[PDB]
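Chains as they are written, first to last, in the deposited numbering: chain R, 16 to 147, 158 to 453; chain X, 197 to 326; chain U, 67 to 131; chain L, 12 to 146, 152 to 251, 256 to 449; chain E, 1745 to 1778, 1823 to 1908; chain V, 274 to 331; chain Y, 1380 to 1444, 1454 to 1475.
Where is the CB? At the ideal position from N, CA and C, for every residue including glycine.
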Amino acid sequence: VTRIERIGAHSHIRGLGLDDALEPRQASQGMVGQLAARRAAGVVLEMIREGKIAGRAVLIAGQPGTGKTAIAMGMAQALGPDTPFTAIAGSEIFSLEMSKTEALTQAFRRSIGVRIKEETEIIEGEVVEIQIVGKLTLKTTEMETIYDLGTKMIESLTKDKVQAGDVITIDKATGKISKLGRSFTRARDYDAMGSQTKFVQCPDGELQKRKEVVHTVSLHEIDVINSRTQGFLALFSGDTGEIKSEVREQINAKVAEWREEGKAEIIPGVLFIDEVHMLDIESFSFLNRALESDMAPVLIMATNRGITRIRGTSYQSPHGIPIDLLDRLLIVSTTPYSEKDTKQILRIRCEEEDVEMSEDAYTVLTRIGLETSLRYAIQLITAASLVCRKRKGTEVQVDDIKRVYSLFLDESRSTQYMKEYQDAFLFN
Amino acid sequence: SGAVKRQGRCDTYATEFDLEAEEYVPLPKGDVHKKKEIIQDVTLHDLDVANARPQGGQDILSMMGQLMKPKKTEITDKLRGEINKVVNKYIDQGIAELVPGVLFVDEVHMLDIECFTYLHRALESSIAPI
Amino acid sequence: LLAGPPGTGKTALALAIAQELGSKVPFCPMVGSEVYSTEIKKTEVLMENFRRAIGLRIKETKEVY
Amino acid sequence: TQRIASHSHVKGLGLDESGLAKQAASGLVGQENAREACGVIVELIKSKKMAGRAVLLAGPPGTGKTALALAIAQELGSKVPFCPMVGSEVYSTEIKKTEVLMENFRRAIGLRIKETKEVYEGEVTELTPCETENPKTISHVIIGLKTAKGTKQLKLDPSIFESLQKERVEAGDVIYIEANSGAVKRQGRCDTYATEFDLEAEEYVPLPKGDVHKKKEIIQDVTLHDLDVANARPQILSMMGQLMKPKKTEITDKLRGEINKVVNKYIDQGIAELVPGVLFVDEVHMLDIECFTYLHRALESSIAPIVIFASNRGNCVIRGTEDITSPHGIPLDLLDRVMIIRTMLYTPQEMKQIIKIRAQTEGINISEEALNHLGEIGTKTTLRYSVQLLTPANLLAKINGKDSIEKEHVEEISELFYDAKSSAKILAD
Amino acid sequence: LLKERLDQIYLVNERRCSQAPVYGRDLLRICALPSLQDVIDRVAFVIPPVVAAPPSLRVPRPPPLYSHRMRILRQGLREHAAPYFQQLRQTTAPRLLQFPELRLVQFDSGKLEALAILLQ
Amino acid sequence: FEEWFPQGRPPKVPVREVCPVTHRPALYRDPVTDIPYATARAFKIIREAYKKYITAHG
Amino acid sequence: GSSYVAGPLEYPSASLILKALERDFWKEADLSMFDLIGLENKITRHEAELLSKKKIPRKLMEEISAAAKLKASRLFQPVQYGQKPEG
Ligand SMILES: Nc1ncnc2c1ncn2[C@@H]1O[C@H](COP(=O)(O)OP(=O)(O)OP(O)(O)=S)[C@@H](O)[C@H]1O
Ligand SMILES: Nc1ncnc2c1ncn2[C@@H]1O[C@H](COP(=O)(O)OP(=O)(O)OP(O)(O)=S)[C@@H](O)[C@H]1O
Ligand SMILES: Nc1ncnc2c1ncn2[C@@H]1O[C@H](COP(=O)(O)OP(=O)(O)OP(O)(O)=S)[C@@H](O)[C@H]1O
Ligand SMILES: [Mg+2]
Ligand SMILES: [Mg+2]
Ligand SMILES: [Mg+2]
């Protein structure tokens, strides 16, 4: 069945494909070649797991199509889902709802997980009888007890309309009541039931249990909840506005106190900013100080620009990044693929896309990929598969690749044909 | 769900008074108990906007939310992830079917560099449409 | 990318694709200039349109008294 | 605290009693003249006499300007409010840039409030009224209060009878009565009467320890910006305000003057003491001409904090102007209002010392030859780069089962990771 | 047919128990951190030049669903307003009227001024 | 006057009940026999004893 | 001095305009299964785990389809000091 997640441009990548010694293996976990870059990404992944050093920034720089996003996806897959990995595009910070610096601050604070432990003492049981002073009788499969009721407790029992046969949980630390459901029985069957009705077994064990619960949140979530009375709604709508510095400082101090008390753990994650050259000089200047914090995540960036104009200025700089921010980061360089690496990437894409191809088809498609681009050949994989299926074949041949090559153009051929008829196109 | 809807007064009582401000609807024709297998098509965006802001709440803040100026909002990646998870669960249960479709962007030359640069990640996603 | 001079059937071909797919398969048309919302950022507009193009047929038996 | 940041080793200006800078102390190496000038700035801050004095840290990238500002912050302690800002933060979407600047100015003025409360707390043991003939008439209401230390009887004014019944005080309740107002507050049944069989939560409290009568001192630290925000929007109008988004507002000068008046009244009354502090503006060249001009007026206020600017831009065009180049990106008019501290490039030896101190703070064992190699890497490339190599080389060493970095680990990490200049070289080719 | 009823009950119950909240109550609870009036009334005098009730949308045959929804909306709003109604009334009612201050009844004539002096 | 100033006798200190089965601080009381207990095993033993005693008595 | 007061601007329209967007209930599914935010005021993650754990299986549904104030001394003998209670 078609699940939400389908075959995308990086579905085949399931990790960096490294060993215990971080030595890059050829054709492992979907990654091919890029040995030096994969080794550097493995070192960065070890830094991320260790967590000790905040605000380490790495720039993955290379030519288009050289697997920068591939390496980012491999790092995200190799890193456990427990550790945050906030992936955004450079253009995601230009919002009407918040400044660029606020959007960067929220992106940073999404990338630090905080894991808060809590112990509670609750009484959970099935209601046997309630008498309005007042008395309440609760039971489990192993016990039955009767309690005396205070004013607020009887008020809560009345207001929630706790009726005999319900399963309720009352927290002694706060005296609040929660109805988990009503126990099914022969007399309680109905021809229609309300939406809130939920049938549940009688609780097991002892009535007054001691709980241990661990909540995993993030610093941005703590920020937003403390932004306003109903702030947690903004965790859905995103209408957070600009959160005040008081709230962030108070939360930083509270999380420090919690970690000192042993209540919370801090799990620093990763903020990947693909296409980072969309940031402007103001965003880069904010980042220059944002990375000097102890609550900064490990920052990973990717770009393909050369010596280009920094956005927001008239100056030209490598990777479109000012040299102030480049001095704060390490650079991992990708290398263009060989014939073997191109063919093996094509093979892995055929295996994921479930396409059977003849060896001559592999040769011709690899030549096409070397001559035009890797992405064009990957696209032609499924294109030729569809054309082969329309032919009632079971294996993609060279004629099918010739067919889809004749149907779908690349940048070079499309540009040439556009130039041939350039009188008809607008605003050359 | 136990939802009850009073869809008017029975037309047999249309002569119980000569002048009442009531809506008379005919007596149902079929059986009292009706079963129908049905389908509804929704988009993931519909689920996103449904969970973007609480609706149908009887609390005063929800009633004011019904009253207020409707605005588009920058729905978070976390809500989209949670909706994806729920849709996946119900696809596994068998009561929902994904139907991926097509997004057509005519006169795409009008996008700025920022839109194209975002479309790089947007197209590379495994949830994106054609 | 459907490319070529004005009046060469690009939009007609896209609508023909829509016709061939059918009504059940979603087909969200948008123009590039519709990203300049005064309420939400351009990438949010694009993400909304990406999500609209994925449909979900939900199947149920209604029982009513 | 526990995680290690780029400045986590800066523990203060390494100055002696005479104000001279030690060659390497308190985590700082070199920059002796700049550190001595920063020390004079610290004396200026601690004098609390002056307002709006400005100092510009100026010098090449990676010359410790931010390290020197955070060293001033360490020297001043946690009592003095130190407000970090970067110039990119003024460009908010909720409020105008000059409001952001004024808000950060008021964040750097601290106020310390001292409250002294007298309270009579205990478990209620008797509530007998004292009947009398009027010159039933009562002249006193006797309350007996019990704590773990002992018991006291109080001869309260009869008018307190209204508050006792309003609070529904009975025998066995813990209460407290403040000396000034004489109003009673009830805080629950004493837990000595709680059983495990009855269910209530908020209505029980432990029997108070200590003497029945207590004198409490409450000290709170606030900023003038905190008072501004509190008086600008106090917390059905509240329902709509909490449902709607609480945006930043352009607080008027009227409110700031009123709060200045109230704080001066508190300082006269002895309840409060002012702690004026420091606003640090890094990347100040990101401010535009409107901000710099506003800062002209802002620094001339008698209420302003001491502000520390940092820039590295050299002769650069001022943002928001056209073709107006300036010696630091900072217009000459504003530069006439700041004292400038220059920061200078490091020698290879100073760089090696910094690298060693970083390795120490990161908890990294580095061999002598590895240290020499990394120093010479840092005399090429940059200091920042060579420092950044420490932890990945430590990890590579841990993989190879070595407890200390060897030169081969530095070489391999250098071959894996490249700097800004080598990458510019690759881009050019 | 009780088998079909049990199947329906089980399916609905399994659907209802399956889903956990994204955040939950305990998470939010644990993540939570711990004079001119006299001068105002002397200056409040501007009356609007025009007042009008809100436009009323007129339809023949108003839909039963639309009317029922509006009725329940009004009922809920008025039920929630009742504990705070005088506050809503005073914090929303507009200033429509402007009488001349009684101080002018003296001011208009010098006889009344001298009479004020003499009577005082 | 007596309404506004009731002379309330101070509340009695509660009995710190103990479980008759294990002699632990009492946490519960059985609704049927009104005997406090501290564990599920105590509850089972108490109910077995109660059924035996009600059989012997009548 | 007093304001002018205008009568309201009555705005005529057809009934159908308000009936728009009203779909028959035979084409509306129980989309509440996808409702996320509505659960925040209803249940809790630990409560969700309890509900998932203690949901009644079908077989139990198919199967579905004396107080007196005594005293501890009356039932149980006291225990001698220095001895483990046994009951
Ligand atoms: N080493 C590799 N192993 C497996 N798949 C790869 C590899 N390198 C590239 N690919 C795939 O080939 C395509 C390369 O595109 P990207 O990974 O986006 O390259 P890129 O470096 O990010 O180029 P830009 O900057 O985004 S234009 C994707 O479909 C990748 O999944
Ligand atoms: N092959 C075709 N068969 C029938 N009608 C066509 C064909 N190609 C174009 N048309 C019609 O002729 C007109 C051409 O307009 P479009 O199809 O929109 O061309 P176009 O390339 O989209 O022009 P632009 O770039 O949007 S201005 C439309 O009214 C089409 O319906
Ligand atoms: N004298 C010093 N002693 C010890 N550590 C230093 C010294 N100077 C700089 N550092 C450290 O080396 C790094 C570079 O110094 P910074 O304060 O970041 O330089 P900077 O002047 O702020 O550069 P710019 O202008 O912001 S790009 C930081 O991690 C400092 O903590
Ligand atoms: Mg990419
Ligand atoms: Mg067209
Ligand atoms: Mg700096």
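Same chain, Cβ closer than 6 Å to residue i, neighbours up to 5 away in sequence not counted
i                 : result
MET113 of chain R : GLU267
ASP439 of chain L : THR401, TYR405
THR127 of chain L : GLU233
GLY89 of chain R  : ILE28, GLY30, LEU31, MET46
Distance CB(residue i)-CB(residue j) smaller than 8 Å
i                  : j                  : result
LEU170 of chain L  : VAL200 of chain L  : no
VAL101 of chain U  : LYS108 of chain U  : yes
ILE28 of chain R   : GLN44 of chain R   : yes
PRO250 of chain X  : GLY1417 of chain Y : yes
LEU1746 of chain E : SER1444 of chain Y : yes
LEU1884 of chain E : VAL1839 of chain E : yes
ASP264 of chain R  : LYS265 of chain L  : yes
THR199 of chain R  : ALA217 of chain L  : yes
Spatial neighbours of residue i in its chain, beta-carbon cut-off 7 Å, leaving aside the 5 residues before and after
i                 : result
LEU391 of chain L : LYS372, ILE375, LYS376
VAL187 of chain R : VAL142, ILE145, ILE193, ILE202, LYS204
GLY230 of chain R : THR165, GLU167
Proximal chain V residues relative to residue i, where beta-carbon distance stays under 9 Å
i                 : result
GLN233 of chain R : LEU300, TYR301
Exposure of residue i, with buried meaning 16 or more beta-carbon neighbours within 10 Å
i                 : result
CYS141 of chain L : exposed
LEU390 of chain R : buried
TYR430 of chain R : buried
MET359 of chain L : exposed
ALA69 of chain L  : buried
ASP97 of chain R  : exposed
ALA84 of chain L  : buried
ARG353 of chain R : buried
Min CB distance residue i to chain E below 8 Å
i                  : result
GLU1407 of chain Y : no
Contact set between residue i and chain E, taken where Cβ atoms lie within less than 8 Å
i                : result
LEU81 of chain L : What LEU81 of chain L touches in chain E: nothing, since even the nearest Cβ is about 26 Å away.
Partner residues on chain R for residue i, Cβ-Cβ distance less than 8 Å
i                  : result
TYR1854 of chain E : Neighbours of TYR1854 of chain E on chain R: none; closest Cβ ~24 Å, over 8 Å.
Own chain partners of residue i with C-beta closer than 8 Å, once the 5 adjacent residues on each side are dropped
i                 : result
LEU223 of chain L : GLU134, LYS162, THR163, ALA164, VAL190, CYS206, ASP207, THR208
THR222 of chain R : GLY206, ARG207
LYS267 of chain X : none
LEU410 of chain L : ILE375, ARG378, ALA379, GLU382, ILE384, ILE386, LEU394, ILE425
Proximal residues of chain X, C-beta to C-beta of residue i below 7 Å
i                  : result
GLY1864 of chain E : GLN254, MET259
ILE1422 of chain Y : Simply none; closest approach about 15 Å.
Minimum Cβ-Cβ distance from residue i to chain C less than 8 Å
i                : result
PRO71 of chain U : As a matter of chain content, chain C is missing from the structure shown, whose protein chains are R, X, U, L, E, V and Y.
Any chain V beta carbon closer than 8 Å to residue i
i                  : result
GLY25 of chain L   : no
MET168 of chain R  : yes
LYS1433 of chain Y : no
Chain X contact for residue i (CB, 8 Å cutoff)
i                 : result
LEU260 of chain R : yes
Interface flag, residue i vs chain U, CB-CB below 8 Å
i                 : result
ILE309 of chain X : no
Min CB distance residue i to chain L below 8 Å
i                  : result
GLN1894 of chain E : no
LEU1777 of chain E : no
Cutoff 8 Å: residue i Cβ touching any chain R Cβ
i                 : result
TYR102 of chain U : no
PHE213 of chain L : yes
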